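Working notes, structure below.
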């Protein structure tokens, strides 16, 4: 009789698309967003190797990128990863938030870039860099394709 629990990340819990909007609400300057974003990572826990194995490797961004998830019984997937670049690290948050217990379908029904764009944590990011966010997202599309099938 027991139940293990790990990865006490916010994303939704305390870091909801809203909360982020409340933080950026005042921060109208991208400089801030990009700035605070860095701190967003600090908040995130240090992704251990054990989890690294549970997640997938992503070397198509500013720097190393680790991400992993799993479809629940109903489908409620839970994302969890990290990155080297604080900035990127923070970005994940928003993402993990956009995918707040979302279903594969849902994801396809609404890209996680919405939040990023909404908050402007990407809409501003140069096209080039944007290519990255896409890749990340694609990770889902690829997954959703599996869950869908």
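Here, each number is a calculation from the coordinates, and none is a lab measurement. Heads up, the Cβs are rebuilt from the backbone with ideal geometry, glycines too, and the neighbour counts pull from every protein chain shown.
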Members of region 85-112 that are assigned to a helix (DSSP H, G or I) and within 10 Å of the chain's Cα centre (by Cα): 88, 89, 90, 91, 92, 93, 94, 95, 96, 97, 98
Residue list for region 109-142, restricted to those being surrounded by fewer than 18 Cβ atoms within 10 Å (Cβ to Cβ) and closer than 16 Å to residue 70 by Cα: 138, 141, 142
Among residues of region 61-76, those that are within 21 Å of residue 108 (Cβ to Cβ), touching a residue at least 40 places away in the same chain (Cβ under 8 Å) and in a loop (DSSP other than H, G, I, E, B), counted: 3
Condition met for residue 31 (over 16 Å from residue 140 (Cβ atoms) and either in contact (Cβ under 8 Å) with a residue 12 or more places away in the chain or in a loop (DSSP other than H, G, I, E, B) (or both)): no
Single match in 3, 22 (criterion: assigned to a helix (DSSP H, G or I), free of Cβ contacts under 8 Å to residues at least 24 places away in the same chain and surrounded by fewer than 17 Cβ atoms within 10 Å (Cβ to Cβ)): 22
Residues (in a helix (DSSP H, G or I), touching a residue at least 40 places away in the same chain (Cβ under 8 Å) and in contact with a helix residue (DSSP H, G or I) (Cβ under 6 Å, 6 or more places away or on another chain)) located in region 114-132: 115, 119
Residue in region 40-53 that is farthest from the chain's Cα centre (by Cα), counting only those that are in a helix (DSSP H, G or I), surrounded by 13 or more Cβ atoms within 10 Å (Cβ to Cβ) and in contact (Cβ under 8 Å) with a residue 24 or more places away in the chain: 51
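Okay, residues lined up against (1) surrounded by 15 or more Cβ atoms within 10 Å (Cβ to Cβ); (2) touching a helix residue (DSSP H, G or I) at 6+ places or on another chain (Cβ under 7 Å); (3) under 17 Å from residue 10 (Cβ atoms):
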{"position": "57", "(1), (2), (3)": "no, no, no"}
{"position": "64", "(1), (2), (3)": "yes, no, no"}
{"position": "72", "(1), (2), (3)": "no, no, no"}
{"position": "82", "(1), (2), (3)": "yes, yes, yes"}
{"position": "91", "(1), (2), (3)": "yes, yes, yes"}
